[PDB]
Structure formats: structure tokens, C-alpha cells
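Down below is the structure, laid out as C-alpha cells.
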Amino acid sequence: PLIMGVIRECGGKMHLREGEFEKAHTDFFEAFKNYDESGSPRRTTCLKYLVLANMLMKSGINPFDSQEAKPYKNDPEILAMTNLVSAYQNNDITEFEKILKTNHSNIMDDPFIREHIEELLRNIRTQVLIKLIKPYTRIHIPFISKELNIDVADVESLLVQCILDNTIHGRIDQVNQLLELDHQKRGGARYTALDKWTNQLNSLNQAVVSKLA
Amino acid sequence: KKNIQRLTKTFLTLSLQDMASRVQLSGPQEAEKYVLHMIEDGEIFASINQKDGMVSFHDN
Amino acid sequence: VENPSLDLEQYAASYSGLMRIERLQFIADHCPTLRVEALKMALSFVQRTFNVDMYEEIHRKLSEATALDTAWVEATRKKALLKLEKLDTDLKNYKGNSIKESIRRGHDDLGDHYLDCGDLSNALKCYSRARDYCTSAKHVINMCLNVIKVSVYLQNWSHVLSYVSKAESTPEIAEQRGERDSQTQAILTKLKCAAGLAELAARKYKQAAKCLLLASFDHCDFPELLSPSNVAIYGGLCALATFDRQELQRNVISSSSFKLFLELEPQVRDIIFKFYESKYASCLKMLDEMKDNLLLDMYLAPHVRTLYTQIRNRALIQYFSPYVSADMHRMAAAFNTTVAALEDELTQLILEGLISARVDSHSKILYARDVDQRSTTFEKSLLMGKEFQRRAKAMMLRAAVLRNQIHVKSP
């Protein structure tokens, strides 16, 4: 593997430095599987990367499936990853933030964790906001800021980003600093059908009149 | 009158002095009298406020 | 306009071939204040194309605002016609021998000599005639590339688009799958870049962006055609101006084939990212910063104004999308304009375009307008009924007059 090894390690290094979305993600899963099959003694620091990738995909949601990892995880030296997974699956922001700021010399010092903690913290906030927004019809923005533990401007930016992404169905009232969600549905199909009928009648009448000459 | 009616397709509340600058009517009083005549004839749906000198377009 | 960042050495090294002289003369005659570098480059490399009449005219005008070497021009003309006659003799003996490879080589060298000398139409007609004598797939692809390049030089893109389409469709439906996303040689990428340049010159920005976005960096550089930086710029600007949010995210933001292409243009990458994440003030500021350098391009100078207007209108429409009642002071601050200018722009947009809103110039607030379907349908149906009744009465009268035979005679 003289050429293949060099090419694959180069791809890995710029994908670690940059992280080009799904291609870098697949490279990361394949590399992590390779280092799990071959690099057995490196699991002590590989488990953090494994759980991070688990919360990035948020599809497997089975990091505790391996029963062999539990006895080594219950050791209190390394449990921040496990409690982060439990908080992330539970979808609660306060526990996540408290654990992140309380835990020291384990998380905030690693650039490969720091560069991806932003999306990790944003996903739970987005999900909690989406769950919160369901029952209300017109809800204040300061209330959302109180619930999500972020400033008003951050809440407005998050709401704008979610509305543009068609994940939240509603519109922001800036003057009164609230947002109103559309819950009422009217029968617009009847009026659309009437409009189509009117247009067809107009065209048909014009043609019938123009026939005579 | 056509220009004044077109002013209702974009605006909700327009100052009289400001409005008599897009229709080239040269005067807030002239614009006010034009709006009053148009309301009386039923061509437009609007109200006049003399305290603020502003015409509000309803179109409902 | 003092620009130190525009490095003429790298700008010249990016291209090669004939396009270099037209690009240099365009930047020279649209951009002053390049005296020392322009003089050095001209003195070192102006000797090509054996055409210095307009060149001397322009430099004489420049000198009078702020020559002909008979021996040198005679020597260049003599060796040019000597090699032309030699190539004629080689073509004659090759056609006498009647060998397909010999005649193909003959047309290849004739096309090369015509490109060097500056004659294009005769080469194009010769290649079109020689098309029927080319039978191999590689030979027909080579002649397609040659006709494409001469047509690009001659600036007739509508004629060349059919050639690109035929070259794409002839070989087993674009190589069926595409040969594992192109093979070692970069021919599909060249076809895509030529088609994108033609579409851009024909004022179809969406098609130009869609063609240029498929270019792969495996092509490395194409000195005859546009540079990698240029294709990145064109495919970024057209995509920003035409693609909507979903298409932009799917094809530019997330695609793992154009990011490394945008790595050559950090300014364009930042522009598109800030447009995506709603940093309109910064995006517009850097767009205005880059406009001055963009105006000196060759194939993008005419379209700069239209592209910028489309981008700004798209930003204005996307800003008001999530809001039902927006404050015009914040909007004016975010779009680098005064409240009056923003009001005028908003009026122009509301009258025709996609914004459905009403301005309130007392409190300076833009309110979204929701139209009820019931009243609108009732109004339109009643209007249609009135028109129908009027037309029916009119045609009844027309039938009466036609039956009675009423018409205007000459006396």
C-alpha cells in the first residue's frame, strides 16, 4: 500500500483539518472502524471520538450496546463522554451545560472536540425549541430565551434559521418581540377550484364568441 | 388619480407632504383635496388625519 | 484605483495561448495605473500574433496623452509564409500518398499554424470539411475540442453549443455512467466548462452555474480556457444570484466537489457562506469591495450589474421571509442604506416582485399582507360574469347586423 496508504492518509488529514460534510463523515467512520479493529489498546482515547461520532450521526443511538465497555466506563476517571451521551439523548440543555463547564481538563482542551461542540450544543437547543413551540399559538421570545438559556438575539437568529429551513411553521413579530405559529387551516381548495373554473369559463366564452364571424 | 390609486398597492400610511412628491401634486393641501375628492367619489378607501397630516389606506 | 493585490505574474501564468493577449489588452484599456508591470510584460512578451498596428496606435495615443520595425516585421512575415508554404507542400504530398493518419496530422498542423498566425474562419471551415474524414472516437473528440476552442475565440457561443451537445451525446450517451466520474483525462470537464462559458455569455446564469458546478479539480488547469479561479468565481456568483436556498445548500454548500474549488477564492467562499447564514451587511460590503476587481474581467464585466442586482434582490426577499412585522431601521442598517432608499427599493419590489407587504411610513414598519381567498375569488368571478354578459350582448348585435347584411360600400 505505498500509493494507497499515502493517498488515504492525506485524505484523512485534510478531512480532519477541514471536515467536508458527508465525505469527511464517511472517512471518519471508516477510519474509526479501522482503528477499532486494529488499534485495540487505543480505545482509552478512541471511545471519546466514538461517542462524539455517535452524537453527530444521532441515528445509531446505541453506544452502550457493547457490554464489555461498561466495566471500564464505570471507572470515575472517564465518564464525561457517557454522561454527555445520556444528556444528549435525553435532550436537556441544563445538564449538558453544567457537565460541560464543571468537567475540566477532559473536553475543552481538545481541538478535535472543540471544533464540533458547537453543532452538538445547537442540535439539542433546536430540538428543545421545536418541542416547546408545539402547543402555543403566539409565544413571547423572552420566554424562549429563558427556557433555552440564551440571549434574545440568539433566540431570534435561531428562530430565523429554523423558519427559513422549514422546520418551524410560524412568523416572527419584531415590534412586539413574539412569534405566531400558524395553527388554523381553512378550506382553500374550494376557492382554488372556483378560480380554475372561472378562468376556464372566461377562456371558453372568449373562444365561443370569437367563433362567429 | 391613477397614480394615487397605485399608491394604495404598496403603502399603508403615507404623509401628505411625502405623498405629494411621488404624484407631483406640488402641495400637501393639493394632495389632501385630491384624496378628499377621491374618497367622496368612492374611488378610493382611505382616511385623512390632519393632526399628523397623514393619509391611511384601508382597501378593505 | 490603487490595487497591489492583483499580481500580473500569477495572472499571466494562469493562462496560456492566444487568450492571453486579449485578456491583457482588456485589463490594460480598462484599468490605468499599471505602468511599470504593463511595460515589463509588454516588452518581454508582446512579440506574438504578428499584429502590432492597433497596438502601436494605442501606445501612440497613450504617449500623446501622457515604432514600426520594418526589418523585424519583414522577417516575421517571411518565416511565417515560408512555413505556411512548407505546410502546404507537406499537405500536398500527404494527400498524394492518401493516408488517413497523414492527412489528419496535416489538418492538425494547419490548425495549429492558423491559431498561431491569427486566421480562424478558414481553419474552422477546413475542420468542418475534414469532419467527415475523421472516423475514430478520439479523432472526432479532438476535432470537436478544436472547433469548440476556435468558436470560443470567435465569440459565437450559440453555434458552439450544438457542437458541445453533439460531442456529449455521440460517445455512447456521454460514456453512459461517465467512466467512474471521469477517467484520467479531463475531457468531460472541458466540455462542461465550455458549455458553462457559452451559457454565461448567452445570459443564462442558472445554466452557466449548473454547468460550471460539475467541473472537477482533477482537471487541474486549462490554460487555453478560463482559469480555475475564474470558473470558481463564475459558478459562485451565478449560483448565488439564481439558486434558491434549497438548491444552494444541496449543490454548493454541502457538495464535496466545489468546496476545494472555492478554496482558491476565500472572498467568494465567505460571500456565499455569509449569504447563507444571513449576514447580509457583511456579504454586501465584501461584494461591493470585490466589484471593482470583478469589473476588469473579460466574460463577466457585462453581467456584473445584473448579477449584483439579482443578488441584492434575493437578499432583500430572503430577509423579510420569516417576519410578519419588520422594523425598517434595522433593515436599513443591515442593508447599508438609508431608510428612504430602503423605502424606495421596497416599493419597487412590492409593486412587481416576490415581496407581498405594505409599508408604514409613520412608524417605519413593513407589515406582511395576507390576502383572503374568498373575497378575491368572489371579485374575480363577478368581474368575469360582467365581461361575459357584455360580450354576449355585443355578439348578439353582431349576429343581427351580419344577418341583415350591413356593410360600408365604396360610394
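Within each chain, counting starts at residue 1; across the C-alpha cells, chains are named A, B, ... in the order shown, with ligands numbered 1 upward in that order.
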Task: Residue set, region 41-209 of chain A restricted to strand (DSSP E), as a PyMOL selection string - done: chain A and resi 138-140+170-173+178-181
- [ ] Name the residues of region 4-219 of chain C that come out as helix (DSSP H, G or I) in a backbone DSSP run; write them as a VMD selection string.
- [x] chain C and resid 8 to 14 19 to 30 35 to 45 48 to 50 53 to 65 70 to 97 100 to 117 121 to 133 137 to 154 157 to 169 172 to 175 188 to 201 205 to 212 217 to 219
Open item on the list: Taking only C-alpha atoms into account, find every residue of chain C that has an atom no more than 6 Å from chain A, and write it out as an MDAnalysis selection string.
Closed with: chainID C and resid 322:326 381
Per-residue nearest contacts chain C to chain B, cut-off 8 Å, using only C-alpha atoms, as CSV:
```
residue,atom,partner,partner_atom,distance
C:347,CA,B:10,CA,6.1
C:350,CA,B:10,CA,6.2
C:351,CA,B:10,CA,6.5
C:357,CA,B:10,CA,7.2
C:358,CA,B:10,CA,5.1
C:359,CA,B:11,CA,4.9
C:360,CA,B:13,CA,5.1
C:361,CA,B:14,CA,5.7
C:362,CA,B:13,CA,6.3
```
What does the file look like for those residues with C-alpha atoms, as a tab-separated table (two decimals), in the first residue's frame?
```
chain	number	residue	atom	x	y	z
C	347	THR	CA	-41.81	50.00	-3.03
C	350	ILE	CA	-43.64	45.23	-3.64
C	351	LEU	CA	-45.12	46.64	-6.85
C	357	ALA	CA	-46.15	43.53	2.10
C	358	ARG	CA	-47.26	47.06	2.91
C	359	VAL	CA	-45.01	49.84	4.17
C	360	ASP	CA	-46.00	52.08	7.08
C	361	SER	CA	-44.05	55.34	6.81
C	362	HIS	CA	-45.37	56.78	10.08
```
Quick one: everything within 12 Å of residue 84 (chain A), counting only C-alpha atoms, minus sequence neighbours fewer than 6 positions away in the same chain. Send it as a PDB file with N, CA, C and O atoms, in the first residue's frame.
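And here's selection.pdb as it stands now:
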```pdb
ATOM      1  N   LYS A  48     -13.897   8.383  23.302  1.00  0.00           N
ATOM      2  CA  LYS A  48     -14.410   9.748  23.226  1.00  0.00           C
ATOM      3  C   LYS A  48     -14.784  10.110  21.794  1.00  0.00           C
ATOM      4  O   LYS A  48     -15.864  10.654  21.533  1.00  0.00           O
ATOM      5  N   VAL A  51     -17.993   8.166  20.755  1.00  0.00           N
ATOM      6  CA  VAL A  51     -19.264   8.700  21.235  1.00  0.00           C
ATOM      7  C   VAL A  51     -19.565  10.035  20.565  1.00  0.00           C
ATOM      8  O   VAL A  51     -20.728  10.354  20.295  1.00  0.00           O
ATOM      9  N   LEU A  52     -18.530  10.836  20.288  1.00  0.00           N
ATOM     10  CA  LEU A  52     -18.746  12.081  19.554  1.00  0.00           C
ATOM     11  C   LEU A  52     -19.347  11.807  18.182  1.00  0.00           C
ATOM     12  O   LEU A  52     -20.326  12.449  17.776  1.00  0.00           O
ATOM     13  N   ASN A  54     -21.017   9.221  17.420  1.00  0.00           N
ATOM     14  CA  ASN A  54     -22.360   8.712  17.675  1.00  0.00           C
ATOM     15  C   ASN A  54     -23.366   9.848  17.806  1.00  0.00           C
ATOM     16  O   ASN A  54     -24.469   9.776  17.254  1.00  0.00           O
ATOM     17  N   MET A  55     -23.007  10.909  18.536  1.00  0.00           N
ATOM     18  CA  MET A  55     -23.948  12.018  18.673  1.00  0.00           C
ATOM     19  C   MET A  55     -24.008  12.874  17.419  1.00  0.00           C
ATOM     20  O   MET A  55     -24.983  13.609  17.231  1.00  0.00           O
ATOM     21  N   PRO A  63     -24.661   3.495  21.887  1.00  0.00           N
ATOM     22  CA  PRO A  63     -23.239   3.498  22.252  1.00  0.00           C
ATOM     23  C   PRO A  63     -22.944   2.522  23.380  1.00  0.00           C
ATOM     24  O   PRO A  63     -21.804   2.084  23.559  1.00  0.00           O
ATOM     25  N   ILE A  78     -13.067   8.417  33.649  1.00  0.00           N
ATOM     26  CA  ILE A  78     -13.597   8.717  32.324  1.00  0.00           C
ATOM     27  C   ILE A  78     -15.084   8.376  32.339  1.00  0.00           C
ATOM     28  O   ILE A  78     -15.482   7.219  32.159  1.00  0.00           O
ATOM     29  N   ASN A  90     -31.368  12.439  26.173  1.00  0.00           N
ATOM     30  CA  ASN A  90     -32.489  12.959  26.946  1.00  0.00           C
ATOM     31  C   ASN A  90     -32.980  14.296  26.400  1.00  0.00           C
ATOM     32  O   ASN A  90     -34.145  14.649  26.614  1.00  0.00           O
ATOM     33  N   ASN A  91     -32.125  15.026  25.681  1.00  0.00           N
ATOM     34  CA  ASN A  91     -32.455  16.328  25.101  1.00  0.00           C
ATOM     35  C   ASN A  91     -32.811  17.344  26.189  1.00  0.00           C
ATOM     36  O   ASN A  91     -33.915  17.889  26.237  1.00  0.00           O
ATOM     37  N   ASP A  92     -31.845  17.588  27.072  1.00  0.00           N
ATOM     38  CA  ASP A  92     -31.949  18.641  28.081  1.00  0.00           C
ATOM     39  C   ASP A  92     -30.665  19.469  28.067  1.00  0.00           C
ATOM     40  O   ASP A  92     -29.558  18.928  28.004  1.00  0.00           O
ATOM     41  N   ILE A  93     -30.821  20.794  28.067  1.00  0.00           N
ATOM     42  CA  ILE A  93     -29.676  21.677  27.866  1.00  0.00           C
ATOM     43  C   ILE A  93     -28.953  21.941  29.180  1.00  0.00           C
ATOM     44  O   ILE A  93     -27.722  22.062  29.210  1.00  0.00           O
ATOM     45  N   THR A  94     -29.700  22.065  30.279  1.00  0.00           N
ATOM     46  CA  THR A  94     -29.092  22.461  31.546  1.00  0.00           C
ATOM     47  C   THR A  94     -28.072  21.435  32.027  1.00  0.00           C
ATOM     48  O   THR A  94     -26.971  21.803  32.453  1.00  0.00           O
ATOM     49  N   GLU A  95     -28.416  20.146  31.963  1.00  0.00           N
ATOM     50  CA  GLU A  95     -27.474  19.110  32.372  1.00  0.00           C
ATOM     51  C   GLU A  95     -26.240  19.113  31.482  1.00  0.00           C
ATOM     52  O   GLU A  95     -25.110  18.995  31.972  1.00  0.00           O
ATOM     53  N   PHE A  96     -26.441  19.250  30.170  1.00  0.00           N
ATOM     54  CA  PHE A  96     -25.322  19.280  29.236  1.00  0.00           C
ATOM     55  C   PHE A  96     -24.367  20.420  29.564  1.00  0.00           C
ATOM     56  O   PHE A  96     -23.152  20.218  29.669  1.00  0.00           O
ATOM     57  N   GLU A  97     -24.904  21.628  29.744  1.00  0.00           N
ATOM     58  CA  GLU A  97     -24.057  22.782  30.027  1.00  0.00           C
ATOM     59  C   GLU A  97     -23.362  22.648  31.375  1.00  0.00           C
ATOM     60  O   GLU A  97     -22.176  22.981  31.504  1.00  0.00           O
ATOM     61  N   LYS A  98     -24.085  22.177  32.398  1.00  0.00           N
ATOM     62  CA  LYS A  98     -23.479  22.036  33.717  1.00  0.00           C
ATOM     63  C   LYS A  98     -22.342  21.027  33.688  1.00  0.00           C
ATOM     64  O   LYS A  98     -21.281  21.261  34.276  1.00  0.00           O
ATOM     65  N   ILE A  99     -22.541  19.899  33.002  1.00  0.00           N
ATOM     66  CA  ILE A  99     -21.483  18.902  32.904  1.00  0.00           C
ATOM     67  C   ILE A  99     -20.308  19.451  32.107  1.00  0.00           C
ATOM     68  O   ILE A  99     -19.143  19.221  32.454  1.00  0.00           O
ATOM     69  N   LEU A 100     -20.591  20.187  31.030  1.00  0.00           N
ATOM     70  CA  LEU A 100     -19.516  20.695  30.183  1.00  0.00           C
ATOM     71  C   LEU A 100     -18.645  21.693  30.938  1.00  0.00           C
ATOM     72  O   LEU A 100     -17.413  21.622  30.873  1.00  0.00           O
ATOM     73  N   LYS A 101     -19.261  22.629  31.665  1.00  0.00           N
ATOM     74  CA  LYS A 101     -18.458  23.628  32.365  1.00  0.00           C
ATOM     75  C   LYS A 101     -17.841  23.054  33.637  1.00  0.00           C
ATOM     76  O   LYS A 101     -16.756  23.475  34.054  1.00  0.00           O
ATOM     77  N   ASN A 103     -16.933  19.718  34.222  1.00  0.00           N
ATOM     78  CA  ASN A 103     -15.845  18.817  33.865  1.00  0.00           C
ATOM     79  C   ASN A 103     -14.668  19.614  33.321  1.00  0.00           C
ATOM     80  O   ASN A 103     -14.845  20.511  32.492  1.00  0.00           O
ATOM     81  N   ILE A 107     -12.432  17.894  28.151  1.00  0.00           N
ATOM     82  CA  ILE A 107     -13.237  18.213  26.977  1.00  0.00           C
ATOM     83  C   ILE A 107     -12.753  19.485  26.287  1.00  0.00           C
ATOM     84  O   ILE A 107     -12.454  19.476  25.093  1.00  0.00           O
ATOM     85  N   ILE A 117     -18.162  20.929  19.025  1.00  0.00           N
ATOM     86  CA  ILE A 117     -19.081  21.057  20.151  1.00  0.00           C
ATOM     87  C   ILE A 117     -20.190  22.052  19.835  1.00  0.00           C
ATOM     88  O   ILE A 117     -21.252  22.030  20.469  1.00  0.00           O
ATOM     89  N   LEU A 120     -23.074  20.282  18.278  1.00  0.00           N
ATOM     90  CA  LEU A 120     -23.592  19.416  19.331  1.00  0.00           C
ATOM     91  C   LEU A 120     -24.485  20.189  20.291  1.00  0.00           C
ATOM     92  O   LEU A 120     -25.548  19.703  20.693  1.00  0.00           O
ATOM     93  N   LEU A 121     -24.066  21.396  20.673  1.00  0.00           N
ATOM     94  CA  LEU A 121     -24.868  22.210  21.577  1.00  0.00           C
ATOM     95  C   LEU A 121     -26.069  22.819  20.869  1.00  0.00           C
ATOM     96  O   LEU A 121     -27.094  23.079  21.506  1.00  0.00           O
ATOM     97  N   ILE A 124     -29.399  20.135  20.370  1.00  0.00           N
ATOM     98  CA  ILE A 124     -30.317  19.951  21.488  1.00  0.00           C
ATOM     99  C   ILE A 124     -31.184  21.187  21.675  1.00  0.00           C
ATOM    100  O   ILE A 124     -32.375  21.080  21.983  1.00  0.00           O
TER     101      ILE A 124
END
```
Open item on the list: Applying 10 Å and only C-alpha atoms, which residues near residue 147 (chain C) remain after dropping the ones on its own chain fewer than 3 positions away? List them as a count of residues only.
Closed with: 18
Open item on the list: So that I can see what lies close to residue 171 (chain C), please list as a PyMOL selection string the residues with an atom at most 10 Å from it, counting only C-alpha atoms and leaving out residues fewer than 6 positions away in the same chain.
Closed with: chain C and resi 137-138+140-141
